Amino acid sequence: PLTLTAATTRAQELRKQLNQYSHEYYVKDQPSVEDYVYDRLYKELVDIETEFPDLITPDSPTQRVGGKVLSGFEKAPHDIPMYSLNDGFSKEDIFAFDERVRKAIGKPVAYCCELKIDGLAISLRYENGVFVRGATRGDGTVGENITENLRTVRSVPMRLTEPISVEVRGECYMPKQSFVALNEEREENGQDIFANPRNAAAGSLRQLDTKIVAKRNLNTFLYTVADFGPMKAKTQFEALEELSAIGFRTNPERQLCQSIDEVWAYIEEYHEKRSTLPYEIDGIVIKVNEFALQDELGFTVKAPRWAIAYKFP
């Protein structure tokens, strides 16, 4: 028989060890231990939580299966607005963007280039390391509060290793394989299929029963912060590294490009790498790397002047 005193301590040990394995597997996409190692520890933890339910915590990995059912979503304000992107569709559009940027800044400028993840924009707020809100972008200043759903998204950390208070933003999406699998399941049960993974991700995040969401195999790539503060990055490329460092999943395919020509080369590179990716992209996002230069260019009503989305036709 395990006592409550012994259980309380052991559960924390298990949470920590299981969450680390989960970080490796779900965020770094590189598990260190064999699944049975994880499964055996996880069952030990379930046994403890079953026997002493009071030991269940929000950062325990058993909570990933969800359980909550909402009546609706609360409004989720974004005091720091979530903008959208200006678009370009031609080589010319991208070079014109660069020409306008140089005209404004007065010198050559480096670009951080990222794949444009075809999904939904999300915002994740942490207080003292604890996940406390997840939100859709919505209309840019108000989205929906989908905190409970995002708890089931395995790459989203429930507790960061460092008790940092930050709100990070990125994309939540459904991998191609999961998209295919989910549509087959819908065909089998007489449901209408989703037209594409973007729509499947959106419908999934709109579900009110978290237990169903937990089954939809959603994933994330984080690419910015709303409010910096403790963050030390001074360039986007630094921001991507820092996001990884503090425990978020980031897309590995980014490159710091020192000329607009390098940018065009990146676009052509991944335009042909496109189909080999396990996820859908609808283009490339080109960002002015230096945050100080981003500030200098500012924002239109709709979008930053320091970035542009090259859309695949």
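Quick note: we count residues from 1 along the sequence shown, nothing fancier. Just so we're on the same page, rigid core means the largest C-alpha set that superposes within 1.5 Å between forms.
Choosing between 69-77 and 119-127, the greater Cα displacement from the shown form in 8 other deposited structures of this protein, fitted by the core, goes with 69-77. Take 259-267 and 29-37, fit the other structures onto the shown form by the rigid core, and average the C-alpha distances in 8 other deposited structures of this protein: the farther stretch is 29-37. Averaged over Cα atoms, the B-factor as recorded in the entry is higher for 70-78 than for the other of 70-78 and 147-155. If you average the C-alpha B-factors over 223-231 and over 171-179, the higher value belongs to 223-231. Considering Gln236, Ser204, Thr141, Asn217 together, the PDB entry gives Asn217 the largest C-alpha B factor. Among the modelled residues of its chain, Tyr310 has a C-alpha B-factor that falls in the middle third, as given in the PDB entry. Per-chain ranking of the deposited C-alpha B factor places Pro31 in the highest third.
Placement of the Cα temperature factor of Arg133 within the chain: lowest third of the modelled residues, per the deposited record. Residue-level temperature factors show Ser123 in the lowest third of its chain, judged at the C-alpha atom.
Among the modelled residues of the chain, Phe194 sits in the middle third by CA temperature factor in this PDB entry.
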